[PDB]
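The data block below is work_13.cif; it holds mmCIF, C-alpha atoms and all ligand atoms.
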data_input
loop_
_atom_site.label_atom_id
_atom_site.label_comp_id
_atom_site.auth_asym_id
_atom_site.auth_seq_id
_atom_site.Cartn_x
_atom_site.Cartn_y
_atom_site.Cartn_z
CA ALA Q 1 78.04 113.92 100.47
CA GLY Q 2 80.96 111.60 99.71
CA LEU Q 3 83.19 110.57 96.79
CA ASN Q 4 80.55 108.56 94.95
CA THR Q 5 77.82 111.18 95.35
CA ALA Q 6 80.21 113.89 94.12
CA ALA Q 7 81.38 111.71 91.20
CA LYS Q 8 77.86 110.92 90.04
CA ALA Q 9 76.89 114.61 90.22
CA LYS Q 10 79.70 115.30 87.74
CA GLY Q 11 78.42 112.58 85.39
CA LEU Q 12 80.76 109.72 86.33
CA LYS Q 13 79.07 106.36 86.78
CA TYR Q 14 80.83 105.77 90.13
CA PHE Q 15 83.62 106.39 92.55
CA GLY Q 16 84.64 103.01 93.91
CA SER Q 17 87.16 100.85 95.74
CA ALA Q 18 88.83 97.49 95.45
CA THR Q 19 88.75 95.09 98.39
CA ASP Q 20 89.93 91.58 99.18
CA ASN Q 21 88.42 88.63 101.00
CA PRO Q 22 90.77 88.65 104.09
CA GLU Q 23 89.48 92.14 104.95
CA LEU Q 24 85.81 91.19 105.01
CA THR Q 25 85.91 89.67 108.52
CA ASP Q 26 86.71 93.18 109.80
CA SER Q 27 83.21 94.61 110.42
CA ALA Q 28 84.47 98.18 110.88
CA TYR Q 29 86.31 97.93 107.53
CA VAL Q 30 83.23 96.49 105.83
CA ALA Q 31 80.95 99.22 107.23
CA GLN Q 32 82.96 101.91 105.39
CA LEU Q 33 83.48 99.83 102.25
CA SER Q 34 79.66 99.52 102.23
CA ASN Q 35 79.12 103.32 102.56
CA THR Q 36 77.65 104.17 99.12
CA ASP Q 37 78.08 107.86 99.78
CA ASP Q 38 81.81 107.14 99.20
CA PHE Q 39 81.75 103.94 97.12
CA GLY Q 40 79.30 103.09 94.34
CA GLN Q 41 81.48 100.35 92.82
CA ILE Q 42 83.69 97.48 94.01
CA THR Q 43 86.57 95.59 92.36
CA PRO Q 44 87.74 92.20 93.79
CA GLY Q 45 91.46 92.72 94.28
CA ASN Q 46 92.30 89.03 93.83
CA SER Q 47 89.38 86.63 93.83
CA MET Q 48 88.49 86.78 90.13
CA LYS Q 49 92.07 86.36 88.80
CA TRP Q 50 93.13 83.13 87.08
CA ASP Q 51 95.11 81.82 90.07
CA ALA Q 52 91.92 82.22 92.16
CA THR Q 53 89.32 81.02 89.63
CA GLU Q 54 91.06 78.14 87.75
CA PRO Q 55 93.94 77.05 90.02
CA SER Q 56 94.06 73.66 88.32
CA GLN Q 57 93.07 72.97 84.74
CA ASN Q 58 89.29 73.10 84.23
CA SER Q 59 88.70 73.43 87.97
CA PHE Q 60 86.66 76.57 88.41
CA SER Q 61 86.50 78.09 91.81
CA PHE Q 62 84.14 81.03 92.31
CA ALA Q 63 83.26 81.14 96.04
CA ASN Q 64 85.58 84.00 96.94
CA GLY Q 65 84.64 86.06 93.86
CA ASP Q 66 80.92 85.39 94.50
CA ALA Q 67 81.29 86.65 98.09
CA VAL Q 68 82.55 90.00 96.82
CA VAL Q 69 79.72 90.24 94.23
CA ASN Q 70 77.18 89.34 96.93
CA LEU Q 71 78.47 92.16 99.15
CA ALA Q 72 78.29 94.66 96.28
CA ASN Q 73 74.81 93.44 95.35
CA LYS Q 74 73.62 93.82 98.94
CA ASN Q 75 74.98 97.40 98.97
CA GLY Q 76 73.66 98.38 95.51
CA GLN Q 77 77.25 98.84 94.25
CA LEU Q 78 78.40 98.15 90.67
CA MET Q 79 81.13 95.59 90.07
CA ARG Q 80 84.23 95.80 87.93
CA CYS Q 81 85.47 92.27 87.29
CA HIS Q 82 89.24 91.77 87.21
CA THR Q 83 90.97 90.14 85.30
CA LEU Q 84 90.84 87.37 82.65
CA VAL Q 85 94.07 87.14 80.67
CA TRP Q 86 97.23 88.28 82.46
CA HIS Q 87 100.84 87.06 82.68
CA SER Q 88 100.97 87.54 86.45
CA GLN Q 89 98.97 85.48 88.99
CA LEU Q 90 98.72 82.74 86.41
CA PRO Q 91 98.63 79.10 87.68
CA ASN Q 92 101.75 77.08 86.85
CA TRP Q 93 99.69 74.72 84.69
CA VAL Q 94 99.31 77.64 82.24
CA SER Q 95 102.62 79.46 82.62
CA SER Q 96 104.78 76.28 82.57
CA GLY Q 97 102.64 74.26 80.17
CA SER Q 98 103.73 72.57 76.97
CA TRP Q 99 101.42 74.35 74.53
CA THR Q 100 100.67 74.68 70.84
CA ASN Q 101 98.65 77.56 69.42
CA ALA Q 102 95.49 75.42 69.31
CA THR Q 103 95.90 73.96 72.80
CA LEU Q 104 96.67 77.24 74.55
CA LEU Q 105 93.87 79.03 72.68
CA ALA Q 106 91.51 76.26 73.83
CA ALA Q 107 92.57 76.63 77.45
CA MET Q 108 92.52 80.46 77.32
CA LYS Q 109 89.07 80.51 75.69
CA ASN Q 110 87.79 77.93 78.12
CA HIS Q 111 89.00 80.10 81.01
CA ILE Q 112 87.28 83.19 79.61
CA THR Q 113 84.04 81.54 78.65
CA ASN Q 114 83.59 79.79 82.00
CA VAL Q 115 84.48 82.82 84.14
CA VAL Q 116 82.54 85.36 82.07
CA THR Q 117 79.49 83.11 81.76
CA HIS Q 118 79.48 82.51 85.52
CA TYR Q 119 79.47 86.29 86.13
CA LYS Q 120 77.13 87.11 83.23
CA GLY Q 121 75.08 90.19 84.05
CA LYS Q 122 76.86 90.86 87.38
CA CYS Q 123 79.74 93.05 86.10
CA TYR Q 124 79.71 96.60 84.72
CA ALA Q 125 83.11 95.93 83.09
CA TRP Q 126 85.73 93.19 82.68
CA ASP Q 127 89.46 93.83 82.46
CA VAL Q 128 89.77 91.25 79.69
CA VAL Q 129 93.49 91.62 79.06
CA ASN Q 130 95.84 93.09 81.67
CA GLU Q 131 99.40 94.45 81.21
CA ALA Q 132 100.12 93.02 77.77
CA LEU Q 133 102.92 95.58 77.14
CA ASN Q 134 106.47 96.06 78.35
CA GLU Q 135 107.67 99.49 79.45
CA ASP Q 136 109.27 100.14 76.02
CA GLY Q 137 106.05 99.40 74.16
CA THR Q 138 107.00 95.89 73.04
CA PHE Q 139 104.62 93.03 73.72
CA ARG Q 140 105.39 91.20 76.97
CA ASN Q 141 106.97 87.82 76.28
CA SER Q 142 104.23 86.02 78.23
CA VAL Q 143 103.16 82.47 77.43
CA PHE Q 144 100.21 83.91 75.43
CA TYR Q 145 102.40 86.13 73.24
CA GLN Q 146 105.09 83.50 72.72
CA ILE Q 147 102.67 80.71 71.74
CA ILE Q 148 99.77 82.54 70.05
CA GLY Q 149 101.32 85.85 68.98
CA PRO Q 150 99.42 89.18 69.17
CA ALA Q 151 96.09 87.67 68.05
CA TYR Q 152 95.65 86.36 71.61
CA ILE Q 153 94.47 89.85 72.57
CA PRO Q 154 91.56 90.30 70.10
CA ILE Q 155 90.63 86.63 70.49
CA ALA Q 156 90.31 87.14 74.26
CA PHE Q 157 88.04 90.15 73.68
CA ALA Q 158 85.91 88.26 71.10
CA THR Q 159 85.58 85.31 73.45
CA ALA Q 160 84.51 87.51 76.36
CA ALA Q 161 81.90 89.29 74.18
CA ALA Q 162 80.45 85.94 73.03
CA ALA Q 163 79.92 84.88 76.67
CA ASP Q 164 78.50 88.21 77.88
CA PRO Q 165 77.58 90.57 75.00
CA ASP Q 166 76.74 93.58 77.18
CA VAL Q 167 79.51 93.89 79.77
CA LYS Q 168 82.03 96.62 78.93
CA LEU Q 169 85.32 95.06 77.83
CA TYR Q 170 88.54 96.80 78.90
CA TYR Q 171 92.26 96.63 78.17
CA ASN Q 172 93.88 97.55 81.53
CA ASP Q 173 97.55 98.63 82.12
CA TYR Q 174 99.86 100.82 84.22
CA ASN Q 175 102.28 103.58 83.10
CA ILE Q 176 99.91 104.37 80.20
CA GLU Q 177 98.53 107.50 81.93
CA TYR Q 178 101.32 109.81 80.67
CA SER Q 179 102.65 110.07 77.17
CA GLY Q 180 105.39 107.72 76.02
CA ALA Q 181 106.10 104.54 74.05
CA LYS Q 182 103.89 102.52 76.43
CA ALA Q 183 100.79 104.76 76.12
CA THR Q 184 101.34 104.87 72.35
CA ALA Q 185 101.49 101.06 72.27
CA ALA Q 186 98.29 100.91 74.34
CA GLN Q 187 96.60 103.13 71.71
CA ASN Q 188 97.90 100.72 69.04
CA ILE Q 189 96.46 97.71 70.94
CA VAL Q 190 93.05 99.48 70.89
CA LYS Q 191 93.33 100.07 67.15
CA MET Q 192 94.51 96.49 66.60
CA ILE Q 193 91.53 94.93 68.41
CA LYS Q 194 89.06 97.12 66.55
CA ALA Q 195 90.76 96.37 63.23
CA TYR Q 196 90.48 92.58 63.97
CA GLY Q 197 86.74 93.18 64.38
CA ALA Q 198 86.57 92.33 68.13
CA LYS Q 199 84.66 94.43 70.70
CA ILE Q 200 86.69 96.71 72.96
CA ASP Q 201 84.73 99.28 74.98
CA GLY Q 202 87.32 100.70 77.39
CA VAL Q 203 90.88 101.44 78.44
CA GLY Q 204 91.63 100.97 82.12
CA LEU Q 205 94.42 103.20 83.44
CA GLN Q 206 95.65 101.68 86.70
CA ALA Q 207 97.07 104.97 88.07
CA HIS Q 208 99.62 103.55 90.52
CA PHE Q 209 101.37 106.88 91.07
CA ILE Q 210 103.97 108.34 93.46
CA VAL Q 211 103.44 111.38 95.72
CA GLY Q 212 105.33 114.34 94.27
CA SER Q 213 105.87 112.51 90.95
CA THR Q 214 102.24 112.23 89.83
CA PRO Q 215 101.42 113.48 86.29
CA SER Q 216 99.72 116.87 86.28
CA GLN Q 217 95.96 117.25 85.84
CA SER Q 218 96.75 118.72 82.39
CA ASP Q 219 98.99 115.83 81.30
CA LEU Q 220 96.55 113.22 82.58
CA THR Q 221 93.57 114.85 80.84
CA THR Q 222 95.44 115.06 77.53
CA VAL Q 223 96.32 111.37 77.66
CA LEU Q 224 92.74 110.33 78.57
CA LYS Q 225 91.49 112.18 75.48
CA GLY Q 226 94.08 110.33 73.34
CA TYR Q 227 92.20 107.12 74.28
CA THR Q 228 88.63 108.44 74.04
CA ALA Q 229 89.51 109.68 70.54
CA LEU Q 230 89.92 106.02 69.50
CA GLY Q 231 86.29 105.27 70.41
CA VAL Q 232 86.61 103.79 73.92
CA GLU Q 233 85.54 104.95 77.36
CA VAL Q 234 88.22 105.28 80.02
CA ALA Q 235 88.45 104.76 83.79
CA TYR Q 236 91.11 105.05 86.46
CA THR Q 237 90.96 101.50 87.76
CA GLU Q 238 93.55 101.01 90.55
CA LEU Q 239 94.35 104.51 91.82
CA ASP Q 240 96.79 104.81 94.70
CA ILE Q 241 99.57 107.28 95.34
CA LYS Q 242 102.35 105.80 97.44
CA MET Q 243 104.69 108.21 99.25
CA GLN Q 244 108.35 107.83 100.15
CA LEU Q 245 108.38 107.08 103.89
CA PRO Q 246 108.27 108.40 106.48
CA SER Q 247 104.97 110.28 106.10
CA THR Q 248 105.16 114.03 106.83
CA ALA Q 249 102.66 116.88 106.73
CA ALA Q 250 104.18 118.26 103.52
CA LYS Q 251 103.92 114.83 101.86
CA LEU Q 252 100.32 114.37 103.00
CA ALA Q 253 99.50 117.79 101.50
CA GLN Q 254 101.28 116.96 98.23
CA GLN Q 255 99.44 113.63 98.15
CA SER Q 256 96.16 115.54 98.42
CA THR Q 257 97.13 117.73 95.44
CA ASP Q 258 98.12 114.64 93.48
CA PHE Q 259 94.83 112.82 94.11
CA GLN Q 260 92.94 116.06 93.35
CA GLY Q 261 94.49 116.25 89.88
CA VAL Q 262 93.55 112.65 88.99
CA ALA Q 263 89.88 113.13 89.98
CA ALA Q 264 89.77 116.47 88.13
CA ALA Q 265 91.28 114.93 84.96
CA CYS Q 266 88.53 112.28 84.92
CA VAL Q 267 85.75 114.81 85.57
CA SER Q 268 87.19 116.94 82.73
CA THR Q 269 87.09 114.10 80.19
CA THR Q 270 83.97 113.13 78.30
CA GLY Q 271 83.89 109.31 78.44
CA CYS Q 272 85.78 108.91 81.75
CA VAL Q 273 83.21 106.76 83.58
CA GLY Q 274 84.78 106.58 87.00
CA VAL Q 275 87.68 106.19 89.44
CA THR Q 276 88.36 103.13 91.61
CA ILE Q 277 91.00 103.44 94.39
CA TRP Q 278 93.05 100.32 95.13
CA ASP Q 279 91.40 99.76 98.50
CA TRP Q 280 90.67 102.82 100.62
CA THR Q 281 92.66 102.40 103.90
CA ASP Q 282 96.46 102.35 104.19
CA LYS Q 283 96.10 99.24 106.39
CA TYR Q 284 95.20 97.22 103.30
CA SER Q 285 97.16 99.09 100.62
CA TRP Q 286 99.21 97.22 98.04
CA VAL Q 287 102.85 97.86 98.76
CA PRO Q 288 104.88 94.79 97.71
CA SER Q 289 108.61 94.45 98.37
CA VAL Q 290 109.71 96.11 95.12
CA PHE Q 291 108.36 99.35 96.63
CA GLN Q 292 110.01 98.95 100.02
CA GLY Q 293 110.57 102.44 101.33
CA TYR Q 294 107.15 103.64 100.07
CA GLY Q 295 103.75 103.51 101.78
CA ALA Q 296 100.69 105.41 103.10
CA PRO Q 297 99.10 105.43 99.57
CA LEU Q 298 95.40 105.92 100.16
CA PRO Q 299 92.83 108.54 101.30
CA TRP Q 300 92.26 106.96 104.73
CA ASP Q 301 94.99 105.95 107.19
CA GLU Q 302 95.62 102.56 108.80
CA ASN Q 303 93.18 103.56 111.58
CA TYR Q 304 90.38 104.19 109.05
CA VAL Q 305 90.73 107.97 109.62
CA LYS Q 306 90.55 110.34 106.66
CA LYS Q 307 93.81 111.86 105.41
CA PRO Q 308 94.07 115.20 103.47
CA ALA Q 309 93.86 113.21 100.24
CA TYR Q 310 90.16 112.56 100.95
CA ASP Q 311 89.54 116.35 100.76
CA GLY Q 312 91.79 116.55 97.69
CA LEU Q 313 89.62 113.96 95.91
CA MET Q 314 86.44 115.83 96.95
CA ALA Q 315 87.92 119.06 95.54
CA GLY Q 316 88.93 117.31 92.32
CA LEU Q 317 85.33 115.99 91.96
CA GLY Q 318 84.12 119.59 92.35
CA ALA Q 319 82.69 119.04 95.87
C1 LIG H 1 96.94 81.03 66.34
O1 LIG H 1 95.61 80.91 65.87
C2 LIG H 1 94.98 82.18 65.65
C3 LIG H 1 93.52 81.93 65.35
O2 LIG H 1 93.37 81.32 64.06
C4 LIG H 1 95.77 83.00 64.60
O3 LIG H 1 95.18 84.32 64.47
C5 LIG H 1 97.26 83.11 64.97
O4 LIG H 1 98.07 83.62 63.88
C6 LIG H 1 97.84 81.75 65.31
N1 LIG H 1 99.22 81.88 65.74
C7 LIG H 1 100.13 80.93 65.46
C8 LIG H 1 101.43 81.14 66.16
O5 LIG H 1 99.93 79.93 64.70
#
Would it be possible to restate this file's structure as structure tokens?
Amino acid sequence: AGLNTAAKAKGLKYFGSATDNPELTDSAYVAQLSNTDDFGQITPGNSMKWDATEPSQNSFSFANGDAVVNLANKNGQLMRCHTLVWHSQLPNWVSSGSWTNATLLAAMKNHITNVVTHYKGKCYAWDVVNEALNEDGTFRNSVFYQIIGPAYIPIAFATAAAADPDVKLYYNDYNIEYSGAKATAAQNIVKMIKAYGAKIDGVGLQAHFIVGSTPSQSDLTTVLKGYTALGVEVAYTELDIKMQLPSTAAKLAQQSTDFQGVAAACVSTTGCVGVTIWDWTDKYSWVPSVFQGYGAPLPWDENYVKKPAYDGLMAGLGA
């Protein structure tokens, strides 16, 4: 019994975790990441992004991504590959470049084709385009939007599908898990890609939530079904629930309830294929400076010891 076994019993394809290459020298860490009772799927937190894979123009660098795939392969875990086109973690040669539509499309397509071809057959899913929207539902004024216009999004999907016709292609974003202008805009991006005639198989809902401010199971489920209704599968792709510090028993209990609701929403939704937590131990959680004051976001603590949230996830998965 563990998260992945429970998830699969309920019909999900996996419960899984992200990781990153600096953690892999920690053999105790790796032993639990490799426990397929809890994790049937791995995401590389950083080593398949554009800054990692094409840090200078045309210079593809796959060793760190390959090391994560090799670990997953050894363990019999699925991969989700993350992420091709994104405004963040973009090398300066792209973000600062002097582009025309043709020249940026060439470089963007070259990035996709090379990365996706290299990983052909190794990935369950690709996050093809990440965080294309602002909070108010406008397009982000990234280099792609400013130079190419909205077509960059369906072109990226079409390019990925040409390189690897069978991997599931996802649009991934945060703050699209509750209703609002941003979730509506994410729906409209799905419709727009499909109308262009490009393949989109999934919406990735990052699920970076806050303890005590997490959307209810009911709200989350409703929003998932708003996506599945458009003809895509859905997954929670980067789940973590940071709490306002310091940690307390009451907050740990609330955090358990919050995680429980997310797992239950997925299990309740036909077409929700799985949940990936954004790493699994607080020691390696993602808490950048903009969230100073928050922390302890994950189901195991910094000592690799389960927190109440682990039991909350199990309950939410019906175990
Ligand atoms: C860039 O080229 C694509 C592909 O033909 C097209 O859909 C889009 O409108 C173009 N954008 C600009 C700004 O010329």
Determine, for each residue of chain Q having at least one atom at most 6 Å from an atom of ligand LIG 1 (chain H), the closest pair of atoms and their separation in Å to one decimal, counting all atoms listed in the file; order by chain and ascending number, as a Markdown table.
| residue | atom | partner | partner_atom | distance |
| --- | --- | --- | --- | --- |
| Q:101 | CA | H:LIG1 | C1 | 4.9 |
| Q:147 | CA | H:LIG1 | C8 | 5.7 |
| Q:148 | CA | H:LIG1 | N1 | 4.4 |
| Q:149 | CA | H:LIG1 | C8 | 5.5 |
| Q:151 | CA | H:LIG1 | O3 | 5.0 |
| field | Spatial neighbours of residue Q:48, max dist 10 Å, only C-alpha atoms, sep filter under 3 positions, as a ChimeraX atom specification | value | /Q:43-45,51-54,61-66,68,81-84,115,119
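Using all atoms listed in the file, the smallest distance between any of Q:296, Q:185, Q:223, Q:125 and residue Q:210 comes from Q:296.
Distance-wise, atom CA of residue Q:193 and atom CA of residue Q:14 end up 26.5 Å apart.
The gap separating atom CA of residue Q:229 from atom CA of residue Q:155 is 23.1 Å, in Å to one decimal.
Nearest residue to residue Q:235 among Q:220, Q:272, Q:253, Q:104 is Q:272, counting only C-alpha atoms.
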| said: Would you pick out the contacts of residue Q:311 at 10 Å or less, using all atoms listed in the file, so that residues sharing its chain but fewer than 4 positions from it are not included, and give the list as a list in words? | reply: residues 2, 3, 256, 257, 259, 260, 299, 306, 307, 315, 316, 317 and 319 of chain Q
| Expected residue set, 10 Å radius at (89.9, 110.7, 77.8), all atoms listed in the file, as a VMD selection string | chain Q and resid 203 220 to 235 265 to 273
| field | Residue neighbourhood stretch 276-288 of chain Q, 6 Å, only C-alpha atoms, exclusion window fewer than 2 positions, as a ChimeraX atom specification | value | /Q:15-19,237-240,290-291,296,298,300-302,304
| query | Got a sec: who's within 12 Å of residue Q:108, counting all atoms listed in the file, leaving out chain neighbours fewer than 6 positions off, as a ChimeraX atom specification? | reply | /Q:50,54,57-58,84-87,90,93-95,99-102,114-115,128-129,143-144,147-148,152-153,155-160
Write a file of the just-selected residues containing C-alpha atoms, as an mmCIF file, keeping the file's coordinate frame.
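Once everything was written out, this is again28.cif:
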data_model
loop_
_atom_site.group_PDB
_atom_site.id
_atom_site.type_symbol
_atom_site.label_atom_id
_atom_site.label_comp_id
_atom_site.auth_asym_id
_atom_site.auth_seq_id
_atom_site.Cartn_x
_atom_site.Cartn_y
_atom_site.Cartn_z
ATOM 1 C CA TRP Q 50 93.130 83.130 87.080
ATOM 2 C CA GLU Q 54 91.060 78.140 87.750
ATOM 3 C CA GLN Q 57 93.070 72.970 84.740
ATOM 4 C CA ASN Q 58 89.290 73.100 84.230
ATOM 5 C CA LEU Q 84 90.840 87.370 82.650
ATOM 6 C CA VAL Q 85 94.070 87.140 80.670
ATOM 7 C CA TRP Q 86 97.230 88.280 82.460
ATOM 8 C CA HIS Q 87 100.840 87.060 82.680
ATOM 9 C CA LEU Q 90 98.720 82.740 86.410
ATOM 10 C CA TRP Q 93 99.690 74.720 84.690
ATOM 11 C CA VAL Q 94 99.310 77.640 82.240
ATOM 12 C CA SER Q 95 102.620 79.460 82.620
ATOM 13 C CA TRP Q 99 101.420 74.350 74.530
ATOM 14 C CA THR Q 100 100.670 74.680 70.840
ATOM 15 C CA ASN Q 101 98.650 77.560 69.420
ATOM 16 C CA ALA Q 102 95.490 75.420 69.310
ATOM 17 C CA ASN Q 114 83.590 79.790 82.000
ATOM 18 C CA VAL Q 115 84.480 82.820 84.140
ATOM 19 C CA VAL Q 128 89.770 91.250 79.690
ATOM 20 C CA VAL Q 129 93.490 91.620 79.060
ATOM 21 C CA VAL Q 143 103.160 82.470 77.430
ATOM 22 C CA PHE Q 144 100.210 83.910 75.430
ATOM 23 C CA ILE Q 147 102.670 80.710 71.740
ATOM 24 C CA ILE Q 148 99.770 82.540 70.050
ATOM 25 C CA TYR Q 152 95.650 86.360 71.610
ATOM 26 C CA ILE Q 153 94.470 89.850 72.570
ATOM 27 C CA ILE Q 155 90.630 86.630 70.490
ATOM 28 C CA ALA Q 156 90.310 87.140 74.260
ATOM 29 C CA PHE Q 157 88.040 90.150 73.680
ATOM 30 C CA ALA Q 158 85.910 88.260 71.100
ATOM 31 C CA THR Q 159 85.580 85.310 73.450
ATOM 32 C CA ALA Q 160 84.510 87.510 76.360
#
